[PDB]
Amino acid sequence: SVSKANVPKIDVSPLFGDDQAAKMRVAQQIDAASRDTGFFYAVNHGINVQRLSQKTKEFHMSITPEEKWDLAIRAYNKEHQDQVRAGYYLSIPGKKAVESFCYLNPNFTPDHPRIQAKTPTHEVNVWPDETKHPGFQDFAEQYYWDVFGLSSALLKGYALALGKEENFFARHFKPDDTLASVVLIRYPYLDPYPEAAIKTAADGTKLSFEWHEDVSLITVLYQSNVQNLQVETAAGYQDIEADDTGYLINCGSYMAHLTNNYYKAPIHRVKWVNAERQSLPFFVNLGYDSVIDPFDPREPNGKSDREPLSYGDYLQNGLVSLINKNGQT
């Protein structure tokens, strides 16, 4: 009764190479998907997603309550006032099923200028004990750079799709200052499943996370093979099929801002499914002071009335707004 959403599988491998016409043909596919449901699967992306899933499971299934408190963000542990973004987001048995671990740019160290300056949205990552989680930090930091590289390539596609030179976005997506984050989300199997963790949509659908747009330029998402996402279209909410070999890509509201809503941030939600599974987004955020001039590709002269908005302000306010709207995760 629910229709399947059109979510094309785009071979993005040319975006890593030097064949300009082949890159334009990928860009066209990104344009079409961005103008249609707003989602596509990136395939032939080069990332070892089997290792990502296996190592994430080993971490989620071995971390203990003590370790979660010791890594917890300030929402769960008032001792950790500097941890707004990075750390552990705890479950609450009987009430809240989801739990997750967020980390930021590994280059944010105590001596990084933005850490020294105490600039908002920048934090030094927290990590579990190496002996208790051997290889996890190294795996996770390398994963950040692998998905960074895929995201760079995707941003070349989006730039070309919009009629720009290929580094239009990517030049502002940089290892030294990116505010991008990885979140390793566990959605557990639970029986009895906590009713407080289920929301009911206007159409009666049981949900684990309510409708929203993304706080990102783009979002680059791995999920294990359990169908759960739905996208709002003119025809109603439609099911996004799972594909645990690809990355699900969509635009966030900063892309909508920069393109005068030509590439919309698609509204989507997470159905409740009682199955153990993984949701592993990478949020492609620019640097704190990144302030690209909005444009309008619909207009012959390409100009837009929208005012420039620095990425850091956008991100800080967007993440608070999403918590207020859809709850602390």
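Residue positions are given as counts along the sequence shown, with the first one as 1.
- The mean C-alpha temperature factor is higher for 119-127 when 119-127 and 88-96 are set side by side.
- For the pair 161-169 and 128-136, the mean Cα B-factor is higher in 128-136.
- In the PDB entry, the Cα temperature factor peaks, among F283, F295, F40, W69, at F295.
- By the numbers in the PDB entry, the CA B factor is greatest at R114 among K206, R186, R114, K156.
- Ranked against the other modelled residues of its chain, the C-alpha B-factor of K78 as given in the entry falls in the highest third.
- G302 sits in the highest third of its chain by CA B factor, as recorded in the PDB entry.
- For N274, the recorded CA temperature factor ranks within the lowest third of the chain's modelled residues.
- When the CA B factors of the chain's modelled residues are split into thirds, the value for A32 lands in the middle one.
- Annotation for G149: CA B-factor lies in the lowest third of the chain's modelled residues.
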